[PDB]
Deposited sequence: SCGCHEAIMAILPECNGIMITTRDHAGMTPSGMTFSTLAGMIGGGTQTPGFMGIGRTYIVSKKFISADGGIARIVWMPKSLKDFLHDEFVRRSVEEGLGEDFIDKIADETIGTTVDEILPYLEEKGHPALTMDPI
């Protein structure tokens, strides 16, 4: 798998990481530890994130609270368009934390709270 999603229940959202990102993630694990493990975790294609159908019952992209920065750049223009389609705004992608904000829940929560990230007040995940 190219990418792995993990639920972050404290953020009411998900994180995603990729095979090329060697860094720690807010799940407490690297892509590699996540890959070894695979229930709240799922292997996916990178392009699945910007598909119409992406975790729709959970609110789709509005649930995403962290991705590596290189995943943001890869998806950038599609992701901005989808944000606009879903009513989230062109700048939703900057509401999503990444490794420049931090790699742990402790470090990203305040950012997410400060940016008003919609996951924080959506139905529980």
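Taken in order along the deposited sequence, the stretches absent from the coordinates are 1 to 4, 43 to 48.
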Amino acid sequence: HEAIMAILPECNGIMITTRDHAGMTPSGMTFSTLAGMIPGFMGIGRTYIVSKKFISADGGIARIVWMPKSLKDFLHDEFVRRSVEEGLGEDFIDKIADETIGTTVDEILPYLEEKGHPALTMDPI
From here on, numbers count along this sequence of modelled residues.
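Between 59 to 67 and 28 to 36, the higher mean Cα B-factor belongs to 28 to 36.
Sort the modelled residues of the chain by CA B factor and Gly102 lands in the middle third. Compared with the other modelled residues of the chain, the Cα B-factor recorded for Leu112 ranks in the middle third.
When the modelled residues of the chain are ordered by their C-alpha B factor, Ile7 lands in the middle third.
Sort the chain's modelled residues by C-alpha temperature factor and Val50 lands in the lowest third, per the entry. Ranked against the other modelled residues of its chain, the C-alpha B-factor of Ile93 as given in the entry falls in the lowest third.
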